[PDB]
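All remarks here apply to the structure that follows.
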Amino acid sequence: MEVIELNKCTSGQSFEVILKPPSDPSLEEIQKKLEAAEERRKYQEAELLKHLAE
Amino acid sequence: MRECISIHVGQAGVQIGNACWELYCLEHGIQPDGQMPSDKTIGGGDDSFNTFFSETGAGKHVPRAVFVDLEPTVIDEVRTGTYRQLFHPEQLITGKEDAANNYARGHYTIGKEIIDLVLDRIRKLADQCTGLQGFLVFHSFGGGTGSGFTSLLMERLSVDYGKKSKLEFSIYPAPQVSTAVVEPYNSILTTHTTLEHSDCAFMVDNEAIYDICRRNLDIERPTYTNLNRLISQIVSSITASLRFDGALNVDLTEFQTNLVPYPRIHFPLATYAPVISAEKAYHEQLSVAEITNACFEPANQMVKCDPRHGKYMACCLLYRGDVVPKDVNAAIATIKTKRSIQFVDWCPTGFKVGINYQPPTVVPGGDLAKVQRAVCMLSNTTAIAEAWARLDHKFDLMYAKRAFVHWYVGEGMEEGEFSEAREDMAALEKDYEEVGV
Amino acid sequence: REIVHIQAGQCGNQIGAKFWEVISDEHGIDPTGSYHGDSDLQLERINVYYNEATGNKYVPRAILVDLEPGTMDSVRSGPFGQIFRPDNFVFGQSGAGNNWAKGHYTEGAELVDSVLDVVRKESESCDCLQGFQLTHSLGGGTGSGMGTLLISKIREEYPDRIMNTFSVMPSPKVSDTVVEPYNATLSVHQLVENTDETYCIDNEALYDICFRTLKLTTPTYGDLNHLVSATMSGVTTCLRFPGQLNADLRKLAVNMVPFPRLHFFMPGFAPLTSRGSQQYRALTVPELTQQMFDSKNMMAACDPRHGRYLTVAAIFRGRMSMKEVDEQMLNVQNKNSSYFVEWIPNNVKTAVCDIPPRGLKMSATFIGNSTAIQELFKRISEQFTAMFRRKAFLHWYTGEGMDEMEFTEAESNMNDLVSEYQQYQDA
Amino acid sequence: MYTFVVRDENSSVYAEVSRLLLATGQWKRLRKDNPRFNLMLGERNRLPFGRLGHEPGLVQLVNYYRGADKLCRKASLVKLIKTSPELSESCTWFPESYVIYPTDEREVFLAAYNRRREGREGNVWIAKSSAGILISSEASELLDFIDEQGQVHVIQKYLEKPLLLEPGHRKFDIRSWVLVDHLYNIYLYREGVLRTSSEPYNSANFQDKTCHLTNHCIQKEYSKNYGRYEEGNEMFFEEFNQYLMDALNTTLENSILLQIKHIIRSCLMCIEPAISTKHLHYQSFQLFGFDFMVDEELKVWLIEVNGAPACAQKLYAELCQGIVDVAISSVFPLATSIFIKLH
Ligand SMILES: CC[C@H](/C=C(/C)[C@@H]1C[C@@H](OC)C[C@H](O)C(C)(C)[C@@H](O)CCC[C@@H](OC)[C@H](O)C(=O)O1)CO
Ligand SMILES: Nc1nc2c(ncn2[C@@H]2O[C@H](COP(=O)(O)OP(=O)(O)OP(=O)(O)O)[C@@H](O)[C@H]2O)c(=O)[nH]1
Ligand SMILES: Nc1ncnc2c1ncn2[C@@H]1O[C@H](COP(=O)(O)OP(=O)(O)CP(=O)(O)O)[C@@H](O)[C@H]1O
Ligand SMILES: Nc1nc2c(ncn2[C@@H]2O[C@H](COP(=O)(O)OP(=O)(O)O)[C@@H](O)[C@H]2O)c(=O)[nH]1
Ligand SMILES: [Ca+2]
Ligand SMILES: [Ca+2]
Ligand SMILES: [Ca+2]
Ligand SMILES: [Mg+2]
Ligand SMILES: [Mg+2]
């Protein structure tokens, strides 16, 4: 059990106690996904409006 | 000095953010009008509190913060509340109608329409930073905005600020205060999509906060206000190292370095003590050994789980108040012989300790008694995976019958995203088992 | 934010008028549109149901529809009749003769465009419209046939808004004509496709409650409507006052509707109190909770003990212990856990509002999505089939241009609905 | 009333408890995946402890201590006694054991074994595992037998001088039943059993297993005249105490039972900080079966601990009643004591 890296200041202090040693999608790809979801909403709405027109 | 921008998403993120900034102002001596008498440099400076507050020529201390919600009623309380003069109107962003507890509605349908406005307002904050560290993002798992819009925002922040650290404070759903049946769905969907974009995430289970409020503060039926004031105390003890002079966790990258050896396993368990009722007429001040030992009690954790049956990868002790290193070490020595504290074999068995001499500040008239010393322990233990198992199980029950799935598909999400997200969570559970078993 | 209310036909306008009487009183609005309340909780969400006119005047966002003028003349003459916007009265002269085809295809089709003109005008002055609520019966002609025609037209123009109905189900015990099972089966066919939430208010249950529970020897429609307006006040409490849970139509639908076709709710209320009857006794939180879950207190004539709850919403009103309410709500689930499906965890949600309804210190309103509701559609289907296998009374409908095939399809769709409930009752 | 689920059907002890539970009229059994239970008769393997104690309005009790497999698995127990300060490697009531993988102790065992050949002392060992036994006097055949299988084995000192019941010149092992409730009170059942051997103990050839292994299955099948001295090779405590008074002028309490209570309290208070469910969000209790050996000096040795034990036939009614009385009714109260409290 040893204390290392003791730092002190007027606001407090910090140190480390050791007990035992050891033994992304791009902008375009995001917009693609958002627009694909939008198109799926649009298709589903178009199907509804086609049904109501019948 | 290196700045930090806080982002508060949805009702939970916004209301907790209000609790936090109220507490930050009390801790730094900033008045609700933004003035700070103890700050002798008018309209400038690079002190430690400047990491969270900018300054105007008039001496107003302005939070480096953006509040985002898809309906206006929660942020409206900020616009007319005690600290209304603190925030610039550009920092408070509201839509018209919310995500209706639907991840797909917050992420795809409404998120697509508002994401660029939010990034523009964040850029206005970033443009006033000489050396931005990154972002602290506050949000619920269960809400449609907190889950769905946050995951979109995290993705775009990785694009726009690739070199910046991103930390999360996430509210894990509890039926005792929950508002939606589909919260397990939203939690898994947002965890899958955010996982590769978050460097360190502090999960707070509302059930644990609720029970701590009942058991230790004698609150019969805790409200969000009760919960949020306790949560802000824990958040404040976690972020104090960024806001005050010190040497431990002085920048966002150091949270990952000190707590997350494996990138996917980036959810540290927080434990806080003491939580004492302000209504108690006579208080007995707990010693360093007693509050340190309380850190290994499940009843004091932000997520109920049993660390005796997992392994530790890292452990950080954050003391506030009348604490000296001599007493911390005598406490750690005693606890090691009486507690089940097993580290993984490829990690040192040790503690990084930080002490701030200023005792915890409490809100006047709140529920928390003023104490002379407090501690927040941040520990990366595999036992937090119990929380994923509970969540993944409720997901499985509903998804086997496809209950409520049509609400998500109707917003343009594919049904395959459910199973993709659930498979990612299955691999996450397996990762915890490999490290800890 | 804003809700647009429509009431169609005799039943729809009589229960709609009483609904507006009750909530106007709760929000402190007098019969002339002036606010005279004492609590700011009354005005905080007033815009959900009322437009603001100059002079501090609150006007219901209500459209009154009928194919004959009689009931709407009575509404103008009634207690709060002066509160409605006079341009929002839309009516014909011919009537619908208790005939779904006249409401849906002939007489109603002539009037429907001018109703949509008033709907459009109300929607256009909405800051952010949530959706629509319709009150009507399913057993007549205007509310059933023209009401469902209106729903379909409104969906066409506002496909992304929530559509909610309070639908009064016919019963032989409280019946005006023998063709009610035809009109109701044709209407349910429409409701399964075009509404998001339907409150099933069964005149059979309402009569039984007035007779057995309230000890009313000869129940009238007025007595029945007292139960409905109290239930409607209760189920809209979360929309009208500040609160966290089921606070708008979409969040309620997301919490209550796990499968799009299974959106037919059984409502209930406690304490059950009759017209002009004052009982002064205090009702404890345990007594409210047990009574709101009691089969005898349900307003759809089906037995919840024969099925399982997919989802439940409960609303408590009045000053009471929130700890006790949580404890009692958990007590019911933990002691009778078989009546709640296990594959929807935590499917009972509780809300609490401080403002109690008039005449009571506390009350509780129940909204259940129970698989036992299949018994209601089974009952309608049997009464439909008894007549349809002999083609009895069909000439009233073929004379309006309808074909028998449309009846067979509507019956088939309702029997499918019954089968889908039974499927999740065994899952 | 109270509710419970059943995830482990084969428990003869918790079947009788489940039957007794229903027989009270105040208990009701739920389905398997219904989370609204007061009591879980959980599975022995892979029990989802992580999902317990998170149901608002339910005191949840499971019939197992999570982490009690340390005391109940053979290699785990040998590692516990050696590495625990409260138990020590110098533990005098536990036979010298060595964990041997096919963390290993092959050299440490060869050192003490060869010591026994230098002094010509009794050098008979036994290989066993919680997965499956081979008694030998030569070390080259015990290590070869651990490698033919593929699991962890222990090599324990075989007690060459046991106490022998007369007439018969026969071997026995004692089973004690210990109930530890949610408050971690240690309750030792007043009734134990002696699983005796049917054929005379034979130290010449460890080949014939029947006279050396006292298990009820190995005696029910491999021994002729099985159950000729006592029904089912089971001598209960009133008969063994009478034999000890007649044959040895001592009692079962003095010569044997004080040591048994000592060992039970040693092992259980040892792991108590690592498994206790005090201040945990779900409570636990567990019935344990200790297996003891008595040598010719009337000294008690610990052999193993079973966390999922079966009960003797004539003691099913009394013990399961005590399980319901002390463990379950103390947590869920219904609208003389058969246990000895070890404190
Ligand atoms: C929990 C879901 C509910 C199903 C039930 C079986 C419920 C459950 C409880 O009432 C909350 C039972 C109630 O405590 C008592 C024991 C006093 C009961 O004697 C009252 C009348 C009988 C009952 O029927 C058996 C009643 O009419 C009903 O509904 O009982 C359906 O909504
Ligand atoms: N601790 C805490 N939890 C909150 C608070 N507000 C909401 N929650 C929790 O957050 C979850 C609900 O999500 P919200 O944040 O309200 O939803 P949202 O982000 O606004 O998303 P939508 O309303 O669906 O658009 C539930 O589990 C609530 O219990 C709060 O102020 N404090
Ligand atoms: N060191 C030793 N000295 C003398 N006999 C021993 C011994 N180790 C084991 N035995 C004998 O071997 C038998 C079985 O040993 P053990 O108890 O390890 O097996 P097991 O786990 O299958 C029993 P159970 O089915 O009761 O749990 C015992 O009844 C005992 O008589
Ligand atoms: N509860 C209730 N039911 C009514 C009322 N008026 C009519 N009904 C029922 O409504 C059905 C008749 O429809 P009605 O509304 O009168 O015909 P419409 O004018 O064509 O819509 C029958 O089932 C009646 O029992 C009423 O005021 N209250
Ligand atoms: Ca300054
Ligand atoms: Ca990144
Ligand atoms: Ca005409
Ligand atoms: Mg919200
Ligand atoms: Mg009529």
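We did not get these values from a lab; they are worked out from the coordinates using the rules stated. Reconstructed Cβ throughout: ideal geometry from the backbone, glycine too, with neighbour counts over all protein chains shown.
Per residue of C:254-262, other chain Cβ atoms within 10 Å of the residue Cβ number 5 on average. For C:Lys215, a cut-off of 17 angstrom between C-alpha atoms picks up these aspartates and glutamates, skipping any fewer than 8 places away in its own chain: C:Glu204, C:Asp223.
The separation of region B:308-362 from region C:248-264, counted between C-alpha centres, amounts to 48 Å. Straight-line reach from C:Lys102: taking Cα to Cα under 21 Å and skipping same-chain neighbours fewer than 8 places apart, the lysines in range are C:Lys153, C:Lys391.
Can you pull out the chymotrypsin sites (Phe, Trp or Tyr not before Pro) in region C:159-236 whose DSSP state is coil and whose Cβ has at most 10 other Cβ atoms within 10 Å?
Working: sites: C:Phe166, C:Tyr182, C:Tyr199, C:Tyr207, C:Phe211, C:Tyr221; in loops: none.
Answer by residue number: there is no such site.
Each residue, B:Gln35 and D:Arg115, gets one label point 7 Å from its Cα in the Cβ direction; the gap between the two is 8.2 nm.
What's the magnitude of the charge dipole for region D:2-62 around its Cα centre, counting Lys and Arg as +1 and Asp and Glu as -1 at the beta-carbon? Answer in Debye, nearest 20. Each step should come with its number before you reach the end.
Working: 10 positive and 6 negative charges, 27 e Å.
Around 140 debye, computed over region D:2-62.
Listed by chain and number, the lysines placed with their C-alpha closer than 22 angstrom to that of D:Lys161 are D:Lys128, D:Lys171, D:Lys209, D:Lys299; residues fewer than eight positions away on the same chain are left out. Charged neighbours of C:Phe80, selected by a Cβ distance under 13 Å, balance to -1 (K, R count +1; D, E count -1).
Where in region B:297-383 are there chymotrypsin sites (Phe, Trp or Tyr not before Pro) that are in a DSSP coil and have at most 14 other Cβ atoms within 10 angstrom of their Cβ? Display every interim value, and only then the final one.
Numbers: sites: B:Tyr312, B:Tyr319, B:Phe343, B:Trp346, B:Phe351, B:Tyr357; in loops: B:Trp346, B:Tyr357.
Qualifying residues, ordered by number: B:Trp346.
DSSP beta bridges fully contained in region B:269-387 are about 75 percent antiparallel. Measuring r between the beta carbons of D:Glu272 and B:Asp245 and using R0 = 51 Å, the FRET efficiency lands at 0.70.
In debye, nearest 20: dipole of region C:268-375 around its Cα centre with unit charges on the Cβ of K, R (+) and D, E (-)? Working shown, then result.
Values: 12 positive and 9 negative charges, 75 e Å.
Dipole about the Cα centre, nearest 20: 360 debye.
Could you tell me what percent of the DSSP beta bridges with both partners in the protein assembly as shown are antiparallel, to the nearest 5?
Working: 94 of 170 bridges.
That works out to approximately 55 percent antiparallel.
Using the Stokes-Einstein relation with a Kirkwood hydrodynamic radius computed over Cα pairs, the translational diffusion coefficient of region B:345-437 at 37 °C and a viscosity of 0.692 mPa s comes to 184 µm²/s. Phi-derived couplings, Karplus 6.51 cos²θ - 1.76 cosθ + 1.60 at θ = phi - 60°, listed residue by residue for region B:91-98: 7, 10, 10, 10, x, 9, 9, 8 Hz, with x used for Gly and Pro.
The separation of region C:347-396 from region D:269-332, counted between C-alpha centres, amounts to 55 Å.
Quick one: work out the % antiparallel among DSSP beta bridges in region C:235-379, nearest 5.
On the way: 14 of 21 bridges.
Around 65 percent antiparallel, to the nearest 5.
For a Förster distance of 22 Å, can you work out the FRET efficiency between the beta-carbons of C:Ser412 and C:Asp294, rounded to the nearest 0.05? Working from the Cβ atoms, E equals 0.05. Of interest is the spacing of the C-alpha centroids, which for region D:96-111 and region C:292-324 amounts to 66 Å.
Within the listed set B:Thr194, B:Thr223, B:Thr253, the residue fluctuating most in the Gaussian network model of chain B (springs between alpha-carbon atoms under 10 angstrom) is B:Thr223. When you filter the chymotrypsin sites (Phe, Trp or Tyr not before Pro) in region B:116-165 for DSSP loop state and at most 15 other Cβ atoms inside 10 Å of their Cβ, nothing is left. Modelled label positions at C:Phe211 and D:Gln242, each set 7 Å beyond Cα in the direction of Cβ, lie 7.6 nm from each other.
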